[PDB]
Each structure stands twice: as structure tokens, then as C-alpha cells.
Amino acid sequence: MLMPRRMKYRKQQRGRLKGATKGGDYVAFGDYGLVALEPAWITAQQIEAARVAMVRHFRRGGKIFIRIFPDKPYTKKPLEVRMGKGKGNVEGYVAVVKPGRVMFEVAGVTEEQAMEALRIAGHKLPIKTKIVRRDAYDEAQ
Amino acid sequence: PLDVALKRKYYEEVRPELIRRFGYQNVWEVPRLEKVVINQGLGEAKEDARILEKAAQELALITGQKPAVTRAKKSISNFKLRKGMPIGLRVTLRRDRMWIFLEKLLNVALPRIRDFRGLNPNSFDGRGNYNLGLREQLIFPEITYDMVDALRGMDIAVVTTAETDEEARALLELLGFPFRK
Amino acid sequence: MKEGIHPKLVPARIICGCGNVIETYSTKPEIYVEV
Amino acid sequence: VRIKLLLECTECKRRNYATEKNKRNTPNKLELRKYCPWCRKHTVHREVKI
Amino acid sequence: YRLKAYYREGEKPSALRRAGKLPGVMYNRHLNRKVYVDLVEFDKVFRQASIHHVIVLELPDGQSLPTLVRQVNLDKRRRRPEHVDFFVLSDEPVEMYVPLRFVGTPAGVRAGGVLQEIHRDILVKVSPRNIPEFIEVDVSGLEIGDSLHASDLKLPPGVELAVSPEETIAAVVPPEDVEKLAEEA
Amino acid sequence: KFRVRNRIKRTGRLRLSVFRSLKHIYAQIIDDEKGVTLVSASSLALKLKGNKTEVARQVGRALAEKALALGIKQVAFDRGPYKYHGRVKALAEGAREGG
RNA sequence: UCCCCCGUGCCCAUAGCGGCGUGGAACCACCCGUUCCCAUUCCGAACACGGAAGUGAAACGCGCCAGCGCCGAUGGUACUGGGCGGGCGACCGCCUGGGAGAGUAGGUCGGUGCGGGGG
RNA sequence: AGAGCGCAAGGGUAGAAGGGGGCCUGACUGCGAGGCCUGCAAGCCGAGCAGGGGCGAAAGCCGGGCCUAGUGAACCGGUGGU
RNA sequence: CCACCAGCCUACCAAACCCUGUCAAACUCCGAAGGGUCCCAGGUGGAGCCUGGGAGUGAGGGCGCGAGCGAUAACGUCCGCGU
């Protein structure tokens, strides 16, 4: 449960997402990598649910590192009030992640630790994903 | 170019001394003096006004110059006067006024100080300057008790050709400048 | 140092605490004091 | 705006006109300033009426 | 090591690629033309030699010329290799990224702590005549709470530097435990 | 350090670039559009008289009459450092009408 | 006629920077004296007047490590006026015309119009 | 050029618009080619003409402020001048 | 820790910067396809110009493709281009 802090403005429009990711598809940080893969939003619940699965099964292990950051105003409106007035308020602090967008990396474990952790983690997300190693993403700034 | 005590002193002795110690093949690159600043921040001119300017005029009136006051920058919330316009006098000393002032200063404004050991050497720029401020203004010779309101100390400032502490401080030794050493 | 309103100069001396004969020129009239 | 008001002038020496505004608060007493009388050459003009 | 090559012409990417090949564009100081190679052996061979080492690609135009790759430009969506660029071999003060091998078992480690490596291929210079393969460096007396880096690395004589160099090479960090869920509160 | 395009005031629509330094006056008539000058006259690089005040004066006028055989009318005084001190060359008697 | 320094316009940071060399007779920075000019919210530091003393350092143009800076193609994607097709959704793919930034080699401490001081 | 430019934002500007001051008072009278906009009404800029000013020595600058809200068609009456 | 002043410390809070990396309808060092339009040329077509005479018309809607209150809900949906 992290985010920015009421920066500049607080309500911002919806979105349609073809495919580009803007980039950010490599190791650089640590080692073994979990790669997100569909055009959608990353849910905070699923942020720290992935963190759950991780330190949950793998406890007293090594270190895990982040590249991402969940921050989106889920413009939600009150119920049964009949549609119209206003936009809504900043719930569902999701983030914007498309296919091929990687995101999570582990370091200081065994191969299988990564493997299993990434399995259950992928079992949690509002979609699904893939996972790989370290060899051909060298040079990426 | 009216010569005084420390003037001629400075002239001769500092030339061969300085250049035999540091080396300078130039009339105009060998490190010399430059300018001195008499400085007076006393933001009490929130009110009090130019009755305080009477007090302030007294400062450079006795050093012999007509001084220019300087205002404040912006809001000093804690110390009133926001927009910044109280009284923060400063007057500039050229080549020869520097002579009389430095002369007095080094002769009358120092052998006094009750607990006088010398002036702090680490008060240096590293870029060849020496800023120094003092408490009681009334230690000067040309002032006597009946004129003053309180203590109107000043942060005297001096610039030099000096690029490091070395040259300037040695120069000071030559021209009779007290030091904590 | 020109202008019209300047706090004056002119000769002044030094009579120390040891019977001195030193020659100076300052802003206020005459001065004599310490070592 | 009002309480800050607005005003005009006549030509000192029997009339000739112009139209502007004013200002209060400030120690602004009377007000005459150089202009051109419609009839005759460059004169001053004074503050008359409203 | 040795790989294939072929002179490229005025042909377009997708064709060469989606067939089973991959185009490139070599150059060196006074050079900039266009070339290409085959896919499968490209992929395979790049696991070994790579930017770790030097490539010796054979042109059917005769000259089995040794160069180096660099710039590779992925397809970013359903991705993989999709356009390598080639610098050619010289001997001048040239720069590249040397692979590494940190060896040993230190004190932060074993206790449970974990190393955070910040560099494997590093920004350095050399003359291609030299063969400073892959530098295998020091990890003997390491402790959590401290970092090692900078100009503290070994040099196979001749190899100059190309950084600042206070670039952090690595640092040992305290692991993660479910007592960080005591922070969840 | 007198940029301000004081020359924008002089980019009015006619110029005349000069200078003064140590012992020499550098007076020249310049037309612009491309930056194509025209006329020349100096203080000591002319073997004129040997006093800055006097020389200055007539040197302006000298050049002026020369320009009268080359055909001009009105321009603008061009300089960066000045305070403007007449220098009763003041290239005014010096043809220009100056001031 | 091949030609040495400066008033000075244009080229848009290769022109800018630390530094590295630089000249001085002439140019210039100055220097020098506040008598002339007029000037400083104070100070002749801003500007004029006058020189025999006298500097080449601080200053410019000019010659450089090219670390920084800026210039930066070659190839490919990212998308897309245009056309033709598959979806629980969200999306996509082929042609036509395009072509970034980025990665990259790479490049420069100046290019130049007039007018006057000359080996 | 991130200060600032009167209040908000954008633009933009120290080659001023900002900051210090001397003299003043074009915060001009009667016209204005021309056009942006534009259903209409409206808003807007404007070099140059004759009058006749202020400063700058002049070349010249000023037909209110760096700009975009501070503004309200008509009916009706007060006001002085002609 | 000392009142003659400062020597010193930091499983801490941690500016900056660094480098590993990234988010932006109201941010932009860059910058598309383009689009808009201007001058020469093409272009005889229920083209284009002027006038005036008479009109109807001032909730449109399907589908695409693109932004939005919408929940990537409605055969809700207000603009945009396109028909």
C-alpha cells in the first residue's frame, strides 16, 4: 500500500490501451524475473497479495525488488444516487501495465524458490503472466 | 596617495618579502589589497524609523563617509517587516579611505578588546578573503559615550587579490594584523 | 571622495600612554589615546 | 468602482472638455494637468463639478 | 567465436526476420553499411560469446571478419531479438562492457543475508588486441551494512577505466521476513 | 556589457559605429542591411594633433566633410560604454546634425 | 599583390567552460591624476578629461586535453491520412505512404560581411 | 531566466515589461487606408494626415500599464457648455 | 561530552546527488502519418460567383474509429472525424 501524494490534480480521465508498454522490460536490478503480460491495471490488493505469496512461502530467504508503482484514481461514484452529478473519487489506486511488462525481480534464492513463488503469484493476479532468467537484457538503460 | 604609518610600512617590506616567499614576476599580479566593507544589519527599523538612521548615520559619519543603508529581502515573519525595508547600513572603502580606517582599526580598535588574544584565522574564504565582525562599537577613538544608543557592532569585510589563506594572512602579519594563531 | 555632504577629514595625531610623537590625518579633528 | 470614483474636467478660462476617471484613499487633493483645450492652443485644465 | 554473415541490400526487416534470419548494420569510424545473419545460430551463439567476448562473423564475400555487436533493438511486443547493430574491430582506445564473475562465500551471506549486485557487464576501455576475458573478482570479507565499489577492482594490466568511478558495483542487504508484516500494522 | 541592444535603439533605421579606448579614437560610418560600413577617421592613426580633447572635436568634423563627398544624411550614434560626454566632435557639427 | 591586430554584422550553442599556450612596439586591457566632464540610493568601482612613470598579470582575438557541452546520421521498431480482414472482452494482422526520440559510430574549443590599423 | 512581472492560469519577456531616478503629463482634438474576427450587435489592432504637446542632443518614442474578466444595447431624467 | 571551547559518535530521522528503474488528459529536450491553408498547374462538373424570390430546418439516428460522466455496463452517452 504505497502511492504518490495528491500531486497537482486528483481526478483524471479513463483510458483505452492498445499496446506499447512504453518500455521497462528487463533485469538490471537483481536476477530472476516475473513478467506481466496483458493490457490492464495492477490492483493494490494484488500488489501486496503478490508480496504475500512471496514472503509467505519463501520466508527468511533473500531480497526482492520493485520497478513499478501503483497510482490511479478509480473515479468511483456513490450507489443508487441515479446517474449524473460529478465525476467520482480516488479509490482503486491501480497502475497502468500492458503486455510484456515484466515488473518483479528476485535475488538471493534458489531457482525453484523463484519458480514456485512466481507460480502462485501469477495464480493471484487479475490476469496472468510469464517468467525468465538473466542473459540477453544486458545493456538497457 | 597621502602616505601614513602602515602605508609606507606596507609598501616597502611587503614587496620583497611577498615575492621572495611566493614569487611574482608582475607589478599587477603580485597579491595586494582591494576593498573593505563596513556592514550593519539592525532590523529594528520596523518602527523607530529614521531616528535610528540618525544612529546609523553616526557610524560612518565618524569614519568619515556618507553611508548607504540597505533594506531587507523578503518576509521575516518572526521579526516583522516582511517586504523588507528597515535599516541595514553598509559603506564601501576604496584604496585610501582604507588607509585611515585600517590604520585606526589596527592601532586603536584592537589593543583594547578586554580579552584580546587575536582575530580568528580560520575566518577565511579559501578564496582569499577575511570577514570579521565585532561587538562594541564604542572602542573606536573618535567616539565617546554620550552619542550612542547601545551596541552597533559591524561585520567588517575585506577582499584581496589573494586566492588562498596563505598569502593574505602572511600579508596581514606584515601589515600588523592581530591573530589567534 | 567628492560630493557636497561629506563628514570631513583633516590632520589628527596620537598621544599614546608613553609620551609619543606620531603624525596622522583623520576625519574628526584631533585624536590621542592608547598603545 | 464607486468609493474609488470617477471624474472629469473643464478648461480653465471658460470651458473645453475631456473624460477620464479618479482615485481616492491616497492623499490626492486637487488635480490639474497639461492637455489641449478644444478651442485654443495648449493650456492646462482644472477639476470641475463631479 | 565464429558466426555466419551476409551482405545486406535494399531489403526490408520483416521478410529477413519472419523467414528465419535477422538484419544488421555494421560500422567503424569510417564505415556504416548494412548486413545480416541467420536466426537460430544467432540466438544460440549469443548465449556463449555475446558482448562478453568478441565475434568473428564470416562473410561469404570472403572476409571472415571479426567485429562486435551492440544495439539489437527488440520488438517490444511478443518480443525477442529484432535488429543487432555492429561495431567493427580496431585497436584504438575502444570501450565496451566486460562480463564478470564474483567468486567466494562471505559473511553477510551464510547468515542469511543476500548480495545485491549492481553490475556484471561494466563500462571500461581496452585495445582489442588485448583479451581481458571476464574479470573474476573479490567477495571474501563482505558484511551487511557496507558497500564495495569504484576503483577497487582488479586490472589485467593495461586496461584503463571509463567511469567516475564511484559507481556502486554491489552491496550486501538484509533479507525479508514475515516480521515485516509486523510493519503491516 | 552594454548589450541591452542599445543598438536596438540604434536598429531604429541607420547606424554609425565608433569606439574610444586608451590613446586612440576609432570613428567609422556604417550602413547596415548587410553590415557594410563606409567611412573612416582616427585620432593618432592619422598623424593628427597630440591632445585627446581638441583632436576628438575636429576629427569628427574631418570625417564628416569626407562623408559629404560620399553622400549621406542622417544616422544614429553607436557605442556601448559612454555616459555620453559630448566630445564636441559630437559628430553633430560633424555633418549629421547629431546634437 | 600571398599578408599581422581591432570597431563590428551575420552562421545558431561544434561558437560556451575549467584548464592548456597568447601577444603588447602598434592595437588593447590598462596604467595613471579627480585639474576638465558630469556621475554615485554610499564609493570617480559607471564616464569623461591628462601623462613623461609603467604593467603584460587579471581582460580579448588568436593556437589546444576535447573531460562537460552542443551537433549526430546508418539500420529497425512505436504508432499512424488510406485501404482489407479475426474478438467472453481488451485487442489484432496484411498491404500504401511514412519515419522519430532512444541505442550508435561519429563531429567540433569557433564558421564568417564591411571598414581601418601592415611583414 | 527556476527571481520577478498587481490578484488565478497559460503564454511570454532581464536585447524588459522587472529595479533606481530627472523632466514632465500622447490616460491628445478632429480622420484614418487596412484587416482579424464575425449571422447581428459587439470586441480589437493599426502605420500614416492637419492641429499642437513631453522628453531624448538627435535618429526618434508616447493616440494609458506585457497580454487575455474588473464589464452591461434600449427606453427615462440630472448636469454644464453650444 | 566541556563550560577556556569543542573533541566525537550515529541496527536513527536523512536534503542533495549518484547510479539500478519508471508514472503523467491540465508536464515537455523531441517529434510522426499528417492536417489546415497559400501561390503555379491540372480539374465542364445537378462545379464555383452575384443577386434577389419563395422555402423548408434549429432533439436526428446506425456503424466504425477517437476522448469523456459510465463499472473497458446499456440499443445510457456529449463532443470529434466519417458516413
# chains A, B, ... in the order shown; residues from 1 in each chain; ligands from 1
>>> residues_around(residues="residue A:50", least_positions_apart="2", cutoff="10 Å", atoms="only C-alpha atoms (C1' of nucleotides)", output="list in words")
residues 44, 45, 46, 47, 48, 52, 53, 54, 55, 56, 104, 117, 118, 120, 121, 122, 123, 124 and 125 of chain A
>>> write_last_selection(atoms="C-alpha atoms", output="mmCIF file, in the first residue's frame")
data_model
loop_
_atom_site.group_PDB
_atom_site.id
_atom_site.type_symbol
_atom_site.label_atom_id
_atom_site.label_comp_id
_atom_site.auth_asym_id
_atom_site.auth_seq_id
_atom_site.Cartn_x
_atom_site.Cartn_y
_atom_site.Cartn_z
ATOM 1 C CA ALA A 44 -3.069 -2.743 -4.960
ATOM 2 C CA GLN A 45 -4.801 -5.735 -3.385
ATOM 3 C CA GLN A 46 -2.843 -7.841 -5.862
ATOM 4 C CA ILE A 47 0.315 -5.817 -5.240
ATOM 5 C CA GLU A 48 0.557 -6.857 -1.641
ATOM 6 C CA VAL A 52 2.078 -12.114 0.432
ATOM 7 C CA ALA A 53 2.707 -15.223 -1.717
ATOM 8 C CA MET A 54 6.377 -14.204 -1.820
ATOM 9 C CA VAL A 55 7.420 -13.684 1.813
ATOM 10 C CA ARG A 56 4.648 -16.129 2.735
ATOM 11 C CA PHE A 104 9.022 -8.126 -10.349
ATOM 12 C CA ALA A 117 6.692 -18.191 -5.827
ATOM 13 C CA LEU A 118 6.076 -16.881 -9.354
ATOM 14 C CA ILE A 120 1.281 -18.860 -7.044
ATOM 15 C CA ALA A 121 1.828 -15.129 -7.564
ATOM 16 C CA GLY A 122 0.652 -15.498 -11.158
ATOM 17 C CA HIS A 123 -2.267 -17.513 -9.819
ATOM 18 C CA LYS A 124 -3.353 -14.412 -7.883
ATOM 19 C CA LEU A 125 -3.262 -11.557 -10.449
#
>>> residues_around(residues="residue C:23", least_positions_apart="6", cutoff="12 Å", atoms="only C-alpha atoms (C1' of nucleotides)", output="mmCIF file with N, CA, C and O atoms, in the first residue's frame")
data_model
loop_
_atom_site.group_PDB
_atom_site.id
_atom_site.type_symbol
_atom_site.label_atom_id
_atom_site.label_comp_id
_atom_site.auth_asym_id
_atom_site.auth_seq_id
_atom_site.Cartn_x
_atom_site.Cartn_y
_atom_site.Cartn_z
ATOM 1 N N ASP B 3 50.724 59.387 2.253
ATOM 2 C CA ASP B 3 51.304 58.277 2.999
ATOM 3 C C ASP B 3 51.110 58.419 4.505
ATOM 4 O O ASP B 3 51.228 59.513 5.055
ATOM 5 N N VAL B 4 50.812 57.305 5.167
ATOM 6 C CA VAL B 4 50.660 57.295 6.616
ATOM 7 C C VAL B 4 51.580 56.253 7.251
ATOM 8 O O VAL B 4 52.593 55.870 6.667
ATOM 9 N N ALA B 5 51.221 55.805 8.451
ATOM 10 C CA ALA B 5 52.038 54.850 9.193
ATOM 11 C C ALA B 5 52.160 53.527 8.447
ATOM 12 O O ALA B 5 53.209 53.207 7.883
ATOM 13 N N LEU B 6 51.063 52.776 8.437
ATOM 14 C CA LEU B 6 51.026 51.443 7.848
ATOM 15 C C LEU B 6 51.130 51.450 6.324
ATOM 16 O O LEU B 6 51.319 50.408 5.715
ATOM 17 N N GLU B 103 44.321 51.820 9.533
ATOM 18 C CA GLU B 103 45.295 52.352 10.475
ATOM 19 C C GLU B 103 44.708 52.450 11.872
ATOM 20 O O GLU B 103 45.248 51.860 12.820
ATOM 21 N N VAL C 10 40.921 65.917 7.614
ATOM 22 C CA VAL C 10 41.901 66.885 8.164
ATOM 23 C C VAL C 10 42.820 66.300 9.273
ATOM 24 O O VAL C 10 42.449 65.336 9.942
ATOM 25 N N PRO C 11 44.047 66.855 9.430
ATOM 26 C CA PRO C 11 45.083 66.414 10.383
ATOM 27 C C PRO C 11 44.593 65.962 11.772
ATOM 28 O O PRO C 11 43.606 66.477 12.283
ATOM 29 N N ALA C 12 45.301 65.001 12.364
ATOM 30 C CA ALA C 12 44.972 64.436 13.681
ATOM 31 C C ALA C 12 46.201 63.721 14.257
ATOM 32 O O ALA C 12 47.140 63.447 13.490
ATOM 33 N N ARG C 13 46.254 63.400 15.560
ATOM 34 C CA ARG C 13 47.546 62.878 15.985
ATOM 35 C C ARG C 13 47.392 61.587 16.753
ATOM 36 O O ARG C 13 46.414 60.863 16.571
ATOM 37 N N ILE C 14 48.383 61.300 17.588
ATOM 38 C CA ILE C 14 48.340 60.202 18.542
ATOM 39 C C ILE C 14 49.257 60.580 19.697
ATOM 40 O O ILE C 14 50.461 60.768 19.519
ATOM 41 N N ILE C 15 48.664 60.744 20.872
ATOM 42 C CA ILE C 15 49.432 60.919 22.090
ATOM 43 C C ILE C 15 49.183 59.677 22.936
ATOM 44 O O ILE C 15 48.201 59.601 23.672
ATOM 45 N N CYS C 16 50.065 58.691 22.795
ATOM 46 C CA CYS C 16 49.923 57.405 23.476
ATOM 47 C C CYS C 16 50.039 57.511 24.995
ATOM 48 O O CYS C 16 49.966 58.596 25.574
ATOM 49 N N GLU C 30 40.968 66.199 16.173
ATOM 50 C CA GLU C 30 42.176 65.624 16.747
ATOM 51 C C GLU C 30 41.910 64.365 17.561
ATOM 52 O O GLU C 30 40.892 64.244 18.247
ATOM 53 N N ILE C 31 42.848 63.429 17.483
ATOM 54 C CA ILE C 31 42.787 62.211 18.277
ATOM 55 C C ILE C 31 44.132 61.955 18.979
ATOM 56 O O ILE C 31 45.212 62.312 18.418
ATOM 57 N N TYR C 32 44.021 61.388 20.196
ATOM 58 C CA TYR C 32 45.114 60.911 21.052
ATOM 59 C C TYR C 32 44.563 59.839 22.011
ATOM 60 O O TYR C 32 43.558 60.088 22.672
#
>>> interface_residues(of="chain E", to="chain I", cutoff="12 Å", atoms="only C-alpha atoms (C1' of nucleotides)", output="ChimeraX atom specification")
/E:116-119,144-145,149-150,163-170,174
>>> select_by_dssp(residues="stretch 35-86 of chain F", states="strand (DSSP E or B)", output="number ranges by chain")
F: 38-42, 78
>>> write_last_selection(atoms="N, CA, C and O atoms", output="compact mmCIF listing (two decimals), in the first residue's frame")
# COMPACT_ATOMS: atom_id res chain seq x y z
N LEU F 38 31.40 52.11 -44.35
CA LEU F 38 31.57 53.21 -45.32
C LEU F 38 32.80 54.03 -44.98
O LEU F 38 33.78 53.95 -45.71
N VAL F 39 32.76 54.80 -43.89
CA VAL F 39 33.77 55.87 -43.70
C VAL F 39 34.73 55.65 -42.51
O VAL F 39 34.37 54.99 -41.54
N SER F 40 35.93 56.22 -42.60
CA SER F 40 36.96 56.04 -41.57
C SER F 40 37.70 57.33 -41.17
O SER F 40 37.95 58.20 -42.01
N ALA F 41 38.07 57.42 -39.89
CA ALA F 41 38.89 58.52 -39.36
C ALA F 41 39.28 58.22 -37.92
O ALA F 41 38.42 57.88 -37.10
N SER F 42 40.56 58.36 -37.60
CA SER F 42 41.05 58.05 -36.26
C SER F 42 41.78 59.22 -35.60
O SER F 42 41.93 60.28 -36.20
N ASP F 78 26.48 55.29 -32.39
CA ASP F 78 26.65 53.90 -31.97
C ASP F 78 27.82 53.73 -31.00
O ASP F 78 28.97 53.97 -31.36
>>> atom_distance(atom1="atom CA of residue F:67", atom2="atom CA of residue F:53")
22.1 Å
>>> closest_residue(among="H:41, H:17, H:28, H:75", to="residue H:63", atoms="only C-alpha atoms (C1' of nucleotides)")
H:28
>>> residues_around(residues="residue B:168", least_positions_apart="5", cutoff="8 Å", atoms="only C-alpha atoms (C1' of nucleotides)", output="list in words")
residues 31, 128, 129, 160 and 162 of chain B
>>> write_last_selection(atoms="C-alpha atoms", output="tab-separated table (two decimals), in the first residue's frame")
chain	number	residue	atom	x	y	z
B	31	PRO	CA	48.89	39.91	-4.38
B	128	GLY	CA	41.39	34.99	-0.37
B	129	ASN	CA	39.01	36.97	1.83
B	160	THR	CA	42.02	40.88	-1.81
B	162	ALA	CA	44.59	36.74	-2.51
>>> atom_distance(atom1="atom CA of residue B:174", atom2="atom CA of residue B:62")
27.2 Å
>>> atom_distance(atom1="atom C1' of residue H:57", atom2="atom CA of residue F:75")
13.2 Å
>>> residues_around(residues="stretch 68-72 of chain G", least_positions_apart="6", cutoff="10 Å", atoms="only C-alpha atoms (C1' of nucleotides)", output="PyMOL selection string")
chain G and resi 13-18+104-108
>>> write_last_selection(atoms="N, CA, C and O atoms (P, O5', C5', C4', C3', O3' and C1' of nucleotides)", output="PDB file, in the first residue's frame")
ATOM      1  P     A G  13      21.089  25.442 -32.412  1.00  0.00           P
ATOM      2  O5'   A G  13      22.230  24.594 -31.688  1.00  0.00           O
ATOM      3  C5'   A G  13      22.660  24.911 -30.370  1.00  0.00           C
ATOM      4  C4'   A G  13      23.859  25.827 -30.388  1.00  0.00           C
ATOM      5  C3'   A G  13      25.206  25.195 -30.696  1.00  0.00           C
ATOM      6  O3'   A G  13      25.402  24.926 -32.076  1.00  0.00           O
ATOM      7  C1'   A G  13      25.422  26.754 -28.915  1.00  0.00           C
ATOM      8  P     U G  14      26.463  23.810 -32.549  1.00  0.00           P
ATOM      9  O5'   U G  14      27.786  24.146 -31.729  1.00  0.00           O
ATOM     10  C5'   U G  14      28.182  23.344 -30.622  1.00  0.00           C
ATOM     11  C4'   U G  14      29.590  22.838 -30.783  1.00  0.00           C
ATOM     12  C3'   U G  14      30.652  23.913 -31.022  1.00  0.00           C
ATOM     13  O3'   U G  14      31.873  23.515 -30.401  1.00  0.00           O
ATOM     14  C1'   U G  14      30.642  22.393 -32.823  1.00  0.00           C
ATOM     15  P     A G  15      33.073  24.567 -30.209  1.00  0.00           P
ATOM     16  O5'   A G  15      32.396  25.984 -30.474  1.00  0.00           O
ATOM     17  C5'   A G  15      32.197  26.900 -29.405  1.00  0.00           C
ATOM     18  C4'   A G  15      32.253  28.330 -29.875  1.00  0.00           C
ATOM     19  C3'   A G  15      31.604  29.344 -28.937  1.00  0.00           C
ATOM     20  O3'   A G  15      32.302  30.588 -29.025  1.00  0.00           O
ATOM     21  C1'   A G  15      30.513  29.397 -31.030  1.00  0.00           C
ATOM     22  P     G G  16      32.980  31.241 -27.721  1.00  0.00           P
ATOM     23  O5'   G G  16      32.178  30.607 -26.498  1.00  0.00           O
ATOM     24  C5'   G G  16      31.004  31.222 -25.988  1.00  0.00           C
ATOM     25  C4'   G G  16      30.466  30.471 -24.798  1.00  0.00           C
ATOM     26  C3'   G G  16      31.499  29.993 -23.795  1.00  0.00           C
ATOM     27  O3'   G G  16      31.985  31.008 -22.939  1.00  0.00           O
ATOM     28  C1'   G G  16      30.047  28.224 -24.270  1.00  0.00           C
ATOM     29  P     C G  17      33.547  31.034 -22.550  1.00  0.00           P
ATOM     30  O5'   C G  17      33.699  29.823 -21.524  1.00  0.00           O
ATOM     31  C5'   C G  17      32.805  29.699 -20.428  1.00  0.00           C
ATOM     32  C4'   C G  17      33.115  28.513 -19.545  1.00  0.00           C
ATOM     33  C3'   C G  17      34.563  28.294 -19.152  1.00  0.00           C
ATOM     34  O3'   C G  17      35.023  29.209 -18.172  1.00  0.00           O
ATOM     35  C1'   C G  17      33.531  26.213 -19.635  1.00  0.00           C
ATOM     36  P     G G  18      36.593  29.523 -18.041  1.00  0.00           P
ATOM     37  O5'   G G  18      37.177  28.260 -17.261  1.00  0.00           O
ATOM     38  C5'   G G  18      36.652  27.866 -15.999  1.00  0.00           C
ATOM     39  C4'   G G  18      37.434  26.723 -15.399  1.00  0.00           C
ATOM     40  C3'   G G  18      38.911  26.685 -15.743  1.00  0.00           C
ATOM     41  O3'   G G  18      39.679  27.588 -14.968  1.00  0.00           O
ATOM     42  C1'   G G  18      38.000  24.528 -16.019  1.00  0.00           C
ATOM     43  P     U G 104      24.851   4.261 -26.658  1.00  0.00           P
ATOM     44  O5'   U G 104      25.193   4.164 -28.212  1.00  0.00           O
ATOM     45  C5'   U G 104      25.497   2.902 -28.785  1.00  0.00           C
ATOM     46  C4'   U G 104      25.894   2.985 -30.238  1.00  0.00           C
ATOM     47  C3'   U G 104      27.027   3.919 -30.594  1.00  0.00           C
ATOM     48  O3'   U G 104      28.291   3.431 -30.189  1.00  0.00           O
ATOM     49  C1'   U G 104      25.342   4.024 -32.250  1.00  0.00           C
ATOM     50  P     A G 105      29.376   4.456 -29.602  1.00  0.00           P
ATOM     51  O5'   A G 105      30.175   4.926 -30.897  1.00  0.00           O
ATOM     52  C5'   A G 105      30.887   3.969 -31.663  1.00  0.00           C
ATOM     53  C4'   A G 105      30.851   4.243 -33.147  1.00  0.00           C
ATOM     54  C3'   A G 105      31.592   5.464 -33.651  1.00  0.00           C
ATOM     55  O3'   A G 105      32.997   5.295 -33.666  1.00  0.00           O
ATOM     56  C1'   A G 105      29.529   5.278 -34.773  1.00  0.00           C
ATOM     57  P     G G 106      33.958   6.432 -33.063  1.00  0.00           P
ATOM     58  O5'   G G 106      33.471   7.770 -33.772  1.00  0.00           O
ATOM     59  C5'   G G 106      33.696   7.978 -35.156  1.00  0.00           C
ATOM     60  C4'   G G 106      32.707   8.959 -35.724  1.00  0.00           C
ATOM     61  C3'   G G 106      32.959  10.418 -35.394  1.00  0.00           C
ATOM     62  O3'   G G 106      33.991  11.000 -36.166  1.00  0.00           O
ATOM     63  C1'   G G 106      30.688   9.933 -35.048  1.00  0.00           C
ATOM     64  P     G G 107      35.199  11.751 -35.418  1.00  0.00           P
ATOM     65  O5'   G G 107      34.768  13.283 -35.441  1.00  0.00           O
ATOM     66  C5'   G G 107      34.557  13.948 -36.675  1.00  0.00           C
ATOM     67  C4'   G G 107      33.668  15.150 -36.508  1.00  0.00           C
ATOM     68  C3'   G G 107      34.111  16.170 -35.471  1.00  0.00           C
ATOM     69  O3'   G G 107      35.124  17.041 -35.943  1.00  0.00           O
ATOM     70  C1'   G G 107      31.823  15.704 -35.173  1.00  0.00           C
ATOM     71  P     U G 108      36.508  17.175 -35.136  1.00  0.00           P
ATOM     72  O5'   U G 108      36.538  18.702 -34.688  1.00  0.00           O
ATOM     73  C5'   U G 108      36.184  19.732 -35.600  1.00  0.00           C
ATOM     74  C4'   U G 108      35.128  20.636 -35.017  1.00  0.00           C
ATOM     75  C3'   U G 108      35.592  21.561 -33.898  1.00  0.00           C
ATOM     76  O3'   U G 108      36.121  22.775 -34.408  1.00  0.00           O
ATOM     77  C1'   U G 108      33.583  20.456 -33.264  1.00  0.00           C
TER      78        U G 108
END
>>> residues_around(residues="residue G:29", least_positions_apart="5", cutoff="12 Å", atoms="only C-alpha atoms (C1' of nucleotides)", output="list in words")
residues 21 and 22 of chain F; 23, 24, 55, 56, 57, 58, 59 and 60 of chain G
